[PDB]
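Next comes just one chain, in structure tokens: the form deposited in one PDB entry.
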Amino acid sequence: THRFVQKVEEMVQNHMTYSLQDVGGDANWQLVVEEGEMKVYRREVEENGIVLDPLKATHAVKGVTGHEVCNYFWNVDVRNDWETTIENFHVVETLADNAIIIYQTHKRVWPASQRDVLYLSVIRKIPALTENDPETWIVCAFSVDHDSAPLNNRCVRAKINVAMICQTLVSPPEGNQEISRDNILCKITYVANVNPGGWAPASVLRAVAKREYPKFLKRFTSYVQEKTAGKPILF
């Protein structure tokens, strides 16, 4: 219904079409961090002197659903509990039940001015085309303009295109005998395409990326595990 619907649907379809391709066999990507079930890749890209390195991570998390993962990732009410790089943020506008515009500032992750970001964050269920395939839950976060948050002089305005894309594998048990969290696994794909704005050394920016993304993914996924443990399953 809202004014960004076409852009949202374009971004979701783009992530659905391009972001789920396996980069493990893609020789243009490099596996830069591995820990447990998590693998983090990047493509070294510069355009007009500036580092744009697309990043993609895959992960598989026992005992949670894509719905829960995406709920926790999207829900502003719980951002503080898991996110570490954010200094301040607020919802600038509510577009829909599932779509919000967020303004936020980031703590310095390299010695420079703080970055701010203004993005639409939407949570979407993508229906399976068949009952044999998992449904996909996706949270897309992408930079937008808003009259109420113009560029300011204290921060550099970063531009983002980020998605977390989740599918739930369920393996029904034997017996009589309900499915438990032991019977479920959430496959995650996380993509971040970020323009840091301004200027910074390629080497520091690449070091920060390699540090901050696996840190976030480990902390966030274990957080969803803790918060859902023992609770009825939200498919």
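One-based numbering along the sequence shown.
Quick note: we don't show the form deposited with a partner chain bound, though the next part is all about it.
Residue contact with its partner chain in the deposited complex: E131 places a heavy atom within 4.5 Å of it. In the deposited complex, its partner chain lies farther than 4.5 Å from every heavy atom of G36. When its partner chain is considered in the deposited complex, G198 lies well away from it, no heavy atom lying within 4.5 Å. Its partner chain in the deposited complex is not approached by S180, whose heavy atoms all lie more than 4.5 angstroms from it. With its partner chain left out of view, the stretch that reaches within 4.5 Å of it through heavy atoms in the deposited complex is, among 172-180, 204-212, 26-34, 45-53, 172-180. Using a 4.5 Å heavy atom cutoff, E135, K187 and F235 all lie near its partner chain in the deposited complex.
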